[PDB]
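As a starting point, one isolated chain is supplied in structure tokens, in the form deposited in one PDB entry.
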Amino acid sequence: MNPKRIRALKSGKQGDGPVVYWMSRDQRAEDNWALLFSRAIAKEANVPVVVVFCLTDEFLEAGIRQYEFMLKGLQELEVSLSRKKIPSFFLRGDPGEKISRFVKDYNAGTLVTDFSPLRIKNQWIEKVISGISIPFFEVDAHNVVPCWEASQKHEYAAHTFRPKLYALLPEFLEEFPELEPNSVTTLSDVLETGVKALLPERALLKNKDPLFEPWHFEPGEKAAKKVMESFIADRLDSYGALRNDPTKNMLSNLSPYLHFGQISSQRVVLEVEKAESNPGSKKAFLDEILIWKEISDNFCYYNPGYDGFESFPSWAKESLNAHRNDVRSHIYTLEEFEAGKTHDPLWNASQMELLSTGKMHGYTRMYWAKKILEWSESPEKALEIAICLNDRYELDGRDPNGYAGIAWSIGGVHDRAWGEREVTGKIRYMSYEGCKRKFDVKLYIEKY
């Protein structure tokens, strides 16, 4: 149990009651670091361990596709904690007052939470810190190597981040010890009154039919593992060659589970490394889930304006500035972008998959975002529209990987300089003709 995963947020007088785990990002009972040290603090100090979840008031900022996915997984989570004699308490409201009152009411001893580099998580931390006197600990339960330990600076490329991370797997890539149960110590209602609030804003087709199709991804910790096992057994070997083909379902399809923390990324890395497949296919998968996933946490942790034009590289910021008011071929508003009413059928098909399935293919996720920069009056508007569409309709949205992906597509973050072109500038360019030579585009639009 490496202590480098644990960092101190506020020092105080150790309390008396149960050690409270404030779960935010890693919604799982197994392979969850944050629970293990919470039990370790509960084992080496002889106190009960409890888990507290906050149903915040920003859920209406998204759709019912994310709300119902998260609550269904929470339903499975709390029955797994009951089997370990670990009670789970769910609060409705802003964590700044909910967490502080819970600690005082239950006389909690030490408060522990998992790590998330998002601005919203930080906002909740400051309010909680000012309202509590018990020790406050935080742990990186989402990354194989701690975000502050992989690097203490913003990495400008995957070229420089890869050797740094790859030098610390032997230190941190280790197996998970079993969850020790406590010695001795409704979700359906909140879901019902919840969806009744997001119902009038549900995405719909013309006549009356909701566009979302919820049978593609079953939520829950148990369902996440089955997706992982199916990916290793059936899609690992062909991943390297079929990574960039949207017409084939050769991806791991684990992003909604990883974003909600229903499955640990370290468990995925452990199973894939022990699995035997094509070496190029394996190295391609490990790069995506280790290098590119954890560099997004670094990007958001060391760039406060990660969702702004200020976080772009200097070469890119100058390049788009020289091409700021170049006469755009098309200019589409947010609603035209949202409903999929552009002149590009390939982009329209990408939005259709986003609207219907809630998870758009990774290769088209790069064409989709970069094309917004083409048909936006300014790069700031383009960054804006991409974030709004991503965080609203993506099951894996509102994630550090999302903002790093948008920054990569629009601002060239973690990329390099390419051929200068109008409007887009020096940013990497993806053309519709270029996609025709890479995969069968006609099949993509036909399906969506």
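By rigid core we mean the largest C-alpha set that fits within 1.5 Å across both forms. Residues that one form lacks are left out of the comparison. One-based numbering along the sequence shown.
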Exercise for the section: Please report whether at least a third of the other compared entries leave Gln123 without coordinates. Expected result: no
Flanks modelled, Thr333 absent in at least a third of other entries:
no
Here the number of deposited-sequence residues unresolved in the coordinates between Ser133 and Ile134 is none
Assert higher mean C-alpha B factor (67 to 75 or 95 to 103, deposited values) equals 95 to 103
Entry B factor averaged over C-alpha atoms, 202 to 210 against 365 to 373: higher for 202 to 210
Reading the B-factor column for Cα atoms of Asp297, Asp140, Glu178, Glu288, the highest value belongs to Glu178
On the chain's distribution of Cα B-factors, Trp124 falls within the third called middle
For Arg162, the third of its chain by CA B-factor is the middle
Of the three thirds of the chain ranked by Cα temperature factor, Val145 occupies the middle
Chain thirds by Cα B factor, record data; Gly280 belongs to the highest
On the chain's distribution of Cα B-factors, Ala349 falls within the third called middle
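Just so it is clear, the following notes concern the form deposited in another entry, a form of the same protein that is not shown.
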Across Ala203, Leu251, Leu346, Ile125, the single C-alpha shifting 2 angstroms or more between the shown form and the other one with the core held fixed is at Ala203
*Align on the rigid core first; then say whether the Cα of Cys388 has moved by at least 2 Å between the shown form and the other one.*
no
Has the Cα of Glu61 moved 2 Å or more between the shown form and the other one, judged after a core fit?
yes
* Asked: Core-aligned, is the CA shift for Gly194 between the shown form and the other one 2 angstroms or more?
  -> yes
Output row for the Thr193-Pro87 CA distance, |change| of 3 angstroms or more in that other deposited form, reads closer
Checked in that other deposited form: CA of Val195 to CA of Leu74 differs by 3 Å or more, atoms lying closer
Flagged movers between the shown form and the other one, rigid core as reference, every CA at 2 Å or more, runs of three or more, listed in order as 59 to 61, 186 to 209
